[PDB]
């Protein structure tokens, strides 16, 4: 429920250009992100479902909040979300991965600015601005 901050429509700049939306799913266990982006001029879209995984017949959900991102090009990417105060961390695959997004919400919760980190290209800056 701490990911409620993400609910809304955001313009995205840096690494990609466009807009994304987060809506909570009924029951409040999963966030649905809709992605409408451009990268190198080409359209890049998909969805991502954010929440803990829980096996039917388990008492407790998973320890990690998780997501799977399904994109227009046919790839699937798995993340782990951590929100610790105003800092969001999105890990590729598992907490502590060499590739991750880290960003901080502005004091008004309307701007989330940070950067992707990974070996090779190093990463790149990204900012989201709440727009609706």
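Positions refer to the first chain, counted from 1.
Between 68 to 76 and 52 to 60, it is 52 to 60 that carries the larger average Cα temperature factor according to the deposited entry. Among the modelled residues of its chain, residue 120 has a C-alpha B-factor that falls in the middle third according to the deposited record. Sorting the modelled residues of the chain by their CA temperature factor places residue 37 in the middle third. When the modelled residues of the chain are ordered by their C-alpha B factor, residue 20 lands in the lowest third. Annotation for residue 90: C-alpha temperature factor in the lowest third relative to the rest of the modelled chain, per the entry. In this PDB entry, residue 96 carries a Cα temperature factor that places it within the middle third of its chain's modelled residues.
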